[PDB]
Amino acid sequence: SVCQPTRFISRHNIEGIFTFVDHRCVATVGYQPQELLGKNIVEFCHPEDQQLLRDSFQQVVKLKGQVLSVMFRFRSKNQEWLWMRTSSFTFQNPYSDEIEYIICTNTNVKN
């Protein structure tokens, strides 16, 4: 009865490299997780949106844990440029001082 948006979760370092990818990426953007891991999400981003996406990494770090959302076009495995809304926030385990990473929830949305 409820049609849920197609989405997947990813983890990134501050630079934008995928360090974790949830398997629902296949349904969302067509790629296997291994095809995204180790690559920068910016590589998949439309040229018009790449700086906006780069800026979003910087901004989400300054939000120190709060959520930032950005809209951009992501090149799917079949070469369709999908409208993605990514809501991201940083996390740092409170018991240590490991560098913050970014958790992204990536949804294919209308635009």
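Counting begins at 1, following the sequence as shown.
Of the two segments, 62-70 and 36-44, the one listed with the higher mean B-factor is 62-70 (C-alpha atoms only).
The stretch 26-34 shows the higher mean C-alpha B-factor when 26-34 is compared against 80-88 in the entry. For residue 107, the recorded CA B-factor ranks within the lowest third of the chain. Only modelled residues enter the ranking. In this PDB entry, residue 56 carries a Cα temperature factor that places it within the highest third of its chain's modelled residues.
Among the modelled residues of its chain, residue 9 has a C-alpha B-factor that falls in the lowest third, as given in the PDB entry.
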